[PDB]
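Listed here are the chains, written in short residue letters.
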Amino acid sequence: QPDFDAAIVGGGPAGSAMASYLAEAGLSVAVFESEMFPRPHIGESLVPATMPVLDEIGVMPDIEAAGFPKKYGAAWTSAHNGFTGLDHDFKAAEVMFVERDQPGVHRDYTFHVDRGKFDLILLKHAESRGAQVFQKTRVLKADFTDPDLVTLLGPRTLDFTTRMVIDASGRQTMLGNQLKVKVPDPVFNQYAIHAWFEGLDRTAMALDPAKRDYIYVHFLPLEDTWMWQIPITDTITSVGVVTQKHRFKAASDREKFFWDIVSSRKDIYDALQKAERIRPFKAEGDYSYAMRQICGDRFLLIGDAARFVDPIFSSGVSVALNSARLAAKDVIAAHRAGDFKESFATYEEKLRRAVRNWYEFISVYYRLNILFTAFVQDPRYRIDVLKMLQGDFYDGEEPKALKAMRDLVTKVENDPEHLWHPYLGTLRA
Amino acid sequence: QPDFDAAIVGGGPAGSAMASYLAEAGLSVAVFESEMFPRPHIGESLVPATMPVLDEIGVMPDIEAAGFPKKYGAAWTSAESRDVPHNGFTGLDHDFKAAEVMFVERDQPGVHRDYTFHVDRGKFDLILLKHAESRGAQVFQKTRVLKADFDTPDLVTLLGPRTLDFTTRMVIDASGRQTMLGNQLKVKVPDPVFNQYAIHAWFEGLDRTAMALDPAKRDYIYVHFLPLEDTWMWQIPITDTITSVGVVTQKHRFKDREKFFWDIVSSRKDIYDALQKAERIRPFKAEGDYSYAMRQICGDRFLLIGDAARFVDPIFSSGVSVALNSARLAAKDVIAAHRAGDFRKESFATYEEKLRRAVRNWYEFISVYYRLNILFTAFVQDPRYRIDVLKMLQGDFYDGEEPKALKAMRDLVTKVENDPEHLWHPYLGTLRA
Ligand SMILES: Cc1cc2nc3c(=O)[nH]c(=O)nc-3n(C[C@H](O)[C@H](O)[C@H](O)COP(=O)(O)OP(=O)(O)OC[C@H]3O[C@@H](n4cnc5c(N)ncnc54)[C@H](O)[C@@H]3O)c2cc1C
Ligand SMILES: Cc1cc2nc3c(=O)[nH]c(=O)nc-3n(C[C@H](O)[C@H](O)[C@H](O)COP(=O)(O)OP(=O)(O)OC[C@H]3O[C@@H](n4cnc5c(N)ncnc54)[C@H](O)[C@@H]3O)c2cc1C
Ligand SMILES: [Cl-]
Ligand SMILES: [Cl-]
């Protein structure tokens, strides 16, 4: 007599994807979302590992019809020790996703996206495939009896019953907090400040005007600080700064600080000065964490609710989408067999490994800093580095690039006369 | 203490607009919507009387950013092939096979633009409903109101496997064609004359120039009438590439809706052939029993707006403007009633009187179209009447004083009806009861 077979907390990319998979499989599914869509949300530039999932669940047409800017590649700018391919020294690197064959991907492009629209399309698509979706409905607790009662809408409180809970709460980590298994990263503590601008000329930063719809990461000449530049429409562009919380606390105000930091680079500063900010400044903080358990009897965690690290590689949505995919296979087998913790270990193992790679790849980047440019551009490393940049880490093998980069960061770190020793970033793992 | 000052049943254009007005004004407001948005919905081509309301409530930017096709004008064509006596009328550039308009030909108060829009109602209603939330309203989707209990503040009885109650001082029924209170209170009256039936779908890749007078007019709404059968078909842009196409006919004819749709479209080769090159991107839906009125549209602690209060026939694309402007007028009364602490029926008579009148104009204007179509054509095209008739076609029927053109039409239809040897008597149309 439970209301649902599964209940999903949160309707972002993880939640919507999960529900859509579960409904196609024949389960009674509910999705609870405390907001009303469309709702603004950070995390806009996708990587091609999103696409197989979006195809599989049958939403690509609806995505294609939305008119999001296509993303053909990614670029880095800023302002040799045997490395080559460096046509522009360390002021520019570029890569195109099609340079490497990626399994499950048959296109040249993915998308940069207004998350408001993007999440709405996935959430309505979940409804079209059978899921019961409940907006402005906040889940307060999962009370663990033979099912779970979820306790939840305006002045009214209501309960619903499920055999299984799936936490897709993102950074609000509902069950992570409820069960007290959330662990903040002992090193990463970056802080993001961002906004949307209209009329920035994306040709400014572009070496070649065909590449101006790439994502641009702009390294700044401070410690562990950079900026993103992401197309949202022809005319609107999402810009954000990322730095250490300590820097932000070392200073005194969100706007003033954003511009101060951007002021470290004249060209971009002036370029942004030609634009009109179309949205208030929002901040993201305390977002690097993991969980000691990501599953238990009658629950599991997907998307940012299970982990998040740092958005330097634009992979968060692909992780949310692919964690949903993997978790579905386990939830479906558990439902059929009538048995909901150890039922979820395959999902756990495959996500632990996947996310270790992303993590370890990010730690290198920060130690490497600007030297990272060299690995994009040098052809011994370019294609391996691109595997990671594609979001492709759901494989047995340890990525070859991560080994090479780690080994090389070590040798540089230990040797104070190494040509690159002065260019090391200052955040370590 | 009640949960809300007002509670609104339905989140379409009437509901969303009402809520946004009420929140601006400082009331605690709730909107209940049984569906999840975006949801498909018929009724796509707007008239310029929508715009003042959309501006006033502060949602034009968000509409503008949606990229809806702009609507600069409309065309009403007729399959009439008999040689018809001009009977003194002029401007008949296309004889009696076509009449057309550009909304900017008349200055309309509150309107400063050249265009309105044709719209995906899915996206359009979402933007209004989220905008209402932005301005303060509490919105509850997939929440069905089953009854308004008035016998003890009203409790509204209502979400998945869960039933819940909420409290309000005042109920506003914006249920559209599901006429929640109209049915609950048994005050709904089907029209004794009208019951047309619509079949429609979306197509991708149609050349909109096919049906068009010329390819500059490709963006207009086109309605093609067969006056000897009270049957017509419409062509409404939805994107560059998607177009909404529909047929409207008498229910009795309808008593396999795909076959019928094509038969009716086949009456015009150009479009038929053009439609053959297109891809139907949505299933055929059918919209019926849509013409009705209500004996009461207000009472103690309730009132009805939009289609929940009345609907006639979509020939002039006015339904959304009526829903938006009824919301506007009803807000004034609801706001004054709230401030004075008095929601008795009589508090709402200004709204009632203005809407009775407004809607009587629309109604009588529609009857003429069906009953003597060539007359409709001649009045749109003739400069004695053109500008007054355009006022009505703009959706502007809330200032009151009877439009002069409508009176002249009525009087002329009478004379023709009574005289069987009047030159136009053989063109009078005929709707089955
Ligand atoms: C290109 C890119 C750039 C990115 N940049 C950044 C960045 O700059 N900063 C950053 O911090 N992250 C960033 N991310 C990561 C991203 O913003 C999210 O952390 C994550 O990737 C989204 O996955 P999700 O759907 O699981 O989370 P969400 O999309 O947040 O899913 C949670 C949703 O469920 C709802 N919800 C949450 N809790 C409850 C509850 N208790 N009851 C009911 N509903 C609830 C919320 O409305 C929320 O929208 C980025 C990701 C990408 C791909
Ligand atoms: C064939 C056809 C063509 C049309 N063409 C046009 C056109 O070209 N241009 C134009 O302007 N107009 C047109 N209309 C009219 C237009 O569709 C309606 O007038 C318009 O939708 C009215 O808005 P509303 O908010 O009053 O009702 P609706 O838009 O119908 O919204 C009412 C909402 O109430 C909700 N609801 C929530 N709770 C309940 C409950 N308990 N019971 C019932 N409902 C509930 C429903 O889900 C619905 O979303 C057309 C109508 C038809 C039939
Ligand atoms: Cl990320
Ligand atoms: Cl209408």
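Residues numbered from 1 in each chain as written, not as in the entry; some residues may be left out. Chains lettered and ligands numbered in written order. Heavy atoms only, no water. Residues with missing side-chain atoms left out of burial classes, pairs and counts.

- Its PDB record attributes the structure to X-ray crystallography, giving the resolution as 2.5100 Å.

**Digging into the interface of chain B and chain A**
Inference 1: The partner chain A presents 20 residues to the 19 residues of chain B that form the contact.
Inference 2: Elements with a contribution of two residues or more to the side of chain B that touches chain A: α4 (121–134), β7 (138–140) and β10 (165–173) of chain B.
Inference 3: Each residue belonging to the side of chain B that touches chain A can be placed in one class, and the counts come to 11 nonpolar, 2 polar and 6 charged. (Contact = heavy atoms within 4.5 Å. Helix = DSSP H or I, 4+ residues; strand = E, 2+ residues; numbered from the N terminus. Nonpolar A, V, L, I, M, F, W, Y, C, P; charged D, E, K, R; others polar.)

**Some details on the site of ligand 2**
Residues and elements named next belong to chain B.
Inference 1: Lining the immediate surroundings of ligand 2 are 33 residues, of which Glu33, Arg39, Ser45, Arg121 and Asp307 lie closest.
Inference 2: The backbone of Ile42 places a nitrogen or oxygen atom 3.1 Å from an oxygen atom of ligand 2.
Inference 3: One of the backbone N or O atoms of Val145 is found 2.8 Å from a nitrogen atom in ligand 2.
Inference 4: Across the complex, the protein chains shield 95% of the 1000 Å² of accessible surface that ligand 2 would expose by itself.
Inference 5: Those elements that place two or more of their residues in the shell around ligand 2 are α1 (13–24) and α9 (319–340). (Near = heavy atom within 4 Å. Polar contact = N/O pair within 3.5 Å; in protein donor to acceptor, adjacent residues only side chain to side chain. Areas by Shrake-Rupley, 256 points an atom, 1.4 Å probe, with all protein chains shown as cover.)

**Considering α9 of chain B**
Inference 1: Spanning 22 residues, α9 of chain B covers 32 Å between terminal C-alpha atoms, matching the ideal 32 Å at 1.5 Å per step.
Inference 2: For α9 of chain B, the buried fraction is high: 17 of the 22 residues fall into the buried class. (Expected span 1.5 Å × (residues − 1). Buried < 20%, exposed > 50% of the residue type's maximum accessible area, 1.4 Å probe, protein only.)

**As for the UniProt feature "binding site: FAD 2" (unreviewed entry) in chain A**
Residue and element names in this part refer to chain A.
Inference 1: If you check UniProt for "binding site: FAD 2" (unreviewed entry), the listed places come out as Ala14, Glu33, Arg39, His41, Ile42, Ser45, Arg115, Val139, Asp304, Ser314 and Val317 in our numbering. Put simply, the named residues that line the largest cavity are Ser314.
Inference 2: For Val139, a relative accessible area of 9% corresponds to the buried category.
Inference 3: Excluding its chain neighbours within four sequence positions, the residues that come into contact with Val139 are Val9, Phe32, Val150, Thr151, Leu152 and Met174.
Inference 4: Assessed through its relative accessible area of 18%, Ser314 is described here as buried.
Inference 5: Those residues within four positions of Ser314 in sequence are excluded, and the remaining contacts are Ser45, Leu46, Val47, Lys71 and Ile215. (UniProt positions renumbered as here; feature names shortened; annotations may be inferred. 1 Å grid on protein atoms, 1.4 Å probe; cavity = no way out; pocket = protein on both sides within 12 Å on 5 of 7 lines; lining within 4 Å.)

**Let's talk about a nonpolar patch on the surface**
Inference 1: Together, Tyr72, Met96 and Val98 of chain A line one region of the surface with nonpolar side chains, adding up to about 250 Å² of accessible area.
Inference 2: Here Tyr72 of chain A lies in the loop between β3 (70–71) and β4 (73–77). (Patch = residues over 30% accessible without salt bridge, like charges linked within 9 Å, V, L, I, M, F, W, Y side chains within 5 Å. Salt bridge = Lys/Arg side-chain N within 4 Å of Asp/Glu carboxyl O.)

**Quick look at the pattern of salt bridges**
Inference 1: In the structure shown here, the tally under the stated rule is 25 salt bridges over all chains.
Inference 2: A salt bridge links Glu284 of chain A to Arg171 of chain A, with the shortest nitrogen-to-oxygen separation between them at 3.4 Å.
Inference 3: A relative accessible area of 14% places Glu284 of chain A in the buried class.
Inference 4: Look at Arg171 of chain A and you get partly exposed, because its relative accessible area is 35%.
Inference 5: Its salt-bridge partner being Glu133 of chain B, residue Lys130 of chain B comes within 2.9 Å of it at the nearest N-O pair. Here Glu133 of chain B and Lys130 of chain B lie together in helix α4, a separation of 3 residues that amounts to about one turn.

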